[PDB]
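First, one chain by itself: the form deposited in one PDB entry, in structure tokens.
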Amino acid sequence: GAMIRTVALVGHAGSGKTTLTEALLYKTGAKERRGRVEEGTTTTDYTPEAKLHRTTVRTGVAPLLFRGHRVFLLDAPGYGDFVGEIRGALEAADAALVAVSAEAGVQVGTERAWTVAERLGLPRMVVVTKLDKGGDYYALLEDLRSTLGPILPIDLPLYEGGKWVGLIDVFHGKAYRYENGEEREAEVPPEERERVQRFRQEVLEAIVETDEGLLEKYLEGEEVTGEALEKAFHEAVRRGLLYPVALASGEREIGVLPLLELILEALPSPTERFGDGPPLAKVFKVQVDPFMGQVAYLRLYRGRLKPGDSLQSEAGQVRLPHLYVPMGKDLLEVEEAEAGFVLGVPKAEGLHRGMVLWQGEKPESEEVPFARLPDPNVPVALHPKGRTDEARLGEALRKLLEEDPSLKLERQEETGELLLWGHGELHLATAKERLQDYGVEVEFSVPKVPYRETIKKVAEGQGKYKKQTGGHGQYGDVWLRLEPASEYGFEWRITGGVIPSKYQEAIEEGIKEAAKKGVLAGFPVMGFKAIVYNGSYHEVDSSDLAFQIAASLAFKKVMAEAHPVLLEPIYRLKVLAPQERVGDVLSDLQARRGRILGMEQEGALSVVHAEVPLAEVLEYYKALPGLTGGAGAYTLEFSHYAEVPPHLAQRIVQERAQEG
């Protein structure tokens, strides 16, 4: 009676998620006509980026109304590039509907969605799409069984002359065919009956075994009622003990409403997950429309709300004079909201992704669903195209990051460049396009490498600053010795009190400042001991400034005779390529001045450890997926610095010097 469900539709790119979402919206009456991704007419993919790349860049909300029941379906993206939106959609749902292309089977995007859902403690259901494009359903079920585990087949495909035309409801022993956008009951083909009965028995047994009460009856001799089985089934799915497997296609228009009925029957309600109590909500995503402003998307996990109500938040009281349910980019006004509802809050400049909202006692960390986002690992130096852009780029980035916090903006300490980190070439491309939607043109470039300097031999020298400008003068005198070393260190070796200990901080600051720009090529210096072993001061003219200057003057003089050497960053790779996709990964590193460190070949997938310079893998994200059959992801992490091979070393030194 007036049930509610919040479900995240996830899965690998191209598994027919958005097409299924369109079919659901159309078949329920929420939409006049079902659009197509190819034509850019769907409810989910409305932003310029989504339509341009023909992929779900942003999670779309599809509020489904069916016979009084409500299913708030979140149509999430498929590519790992949009992990931010994917993980947020799962954080917002009480269960995951995982689409699996029949012709491809479980893919990388399937495993990632599945794992995040499992960690969030969410029930899982699988929907098999694209059976009309090919694939063997029965072999697919076996693969899902061996890969996912306790799957539970709900549907089997109905075939007519080799053509997929419908489905067979295993449990009820009924078949349905579709044609002209119409569902009709059909007979279970004679040749299929024995197999269908086998699946039915296995389904009955799988459900009975998860319920102690039913296992007692089945054993005691008592009868198992249909209502008893339904309850056991629902509870088993709620606890993640069974994973229903449905068959549906928005393109072929097969099993669409049946999938909705199954969602209501199999997946849990907000109450079965959080129980009843005061309002509890969370902003799981944010959209910043170029014209409409910021809109916050909230998931109400518990409680009820009416227009005029308010919620507490870390940012203070949040009034909601108007309640809106989102449907794509549109906000539909409602007169009330119950747990399970997904709401859209306009003019939400003060609400950000991750903020918890509540009434009553403030929730503690464990009471709210949370899925951490991996740090973005693809950097690109950012540059406004021109004048106006450079000026509007500040506000444009603010909006971009509010809407997509999976993107990180940083200022390289050494290089000084403004870097934007994303999760892939595609993610960054959408970021670029989005900035353009905000009226700003930018261009990317490979980040400048943060080269460093060091010394190879010991050297000593004096640094002295003595001048008199005005009333009093300044005096600083320092003797410095530089020693090559693995780690930087300041060593105060002053004796006889020739320099008071109070100038130690100033002297070190001077050494550090000068070290910001080496003598060899103007890069930061590292790996050296700075030893202050003698000097002098004047009680009258000595000061921190004088010694900082004296110390700096000494560093530059001394480093010039310590045999400078140019260093470069060196990272370690941890590639993950399939069985025969290893002879292509270890073949690529050779052109990148690499070095193998190990290879964990276990079963099918075998890890491939390595070590390679940073200057050689700045755009290795534009290659790995195209060599590991796309079923592999590269990993780059800082290891240590090293001397730039004499060849390049000289080359690089020349450039930096050439101009300034």
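Just so we're on the same page, rigid core means the largest C-alpha set that superposes within 1.5 Å between forms. Heads up: residue numbers just count along the shown sequence, starting at 1.
Below, we turn to the form deposited in another entry, even though it does not appear here.
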I want to make sure I read this right: if the two forms are fitted on their rigid core, which of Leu156, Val325, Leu397, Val585 has a C-alpha displacement of 2 angstroms or more between this form and the one not shown?
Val585
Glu38: CA shift of at least 2 Å between this form and the one not shown after core fit?
no
Core-aligned C-alpha movement of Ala62 between this form and the one not shown, 2 Å or more:
no
Threshold 2 Å Cα movement between this form and the one not shown for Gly221, core superposed
yes
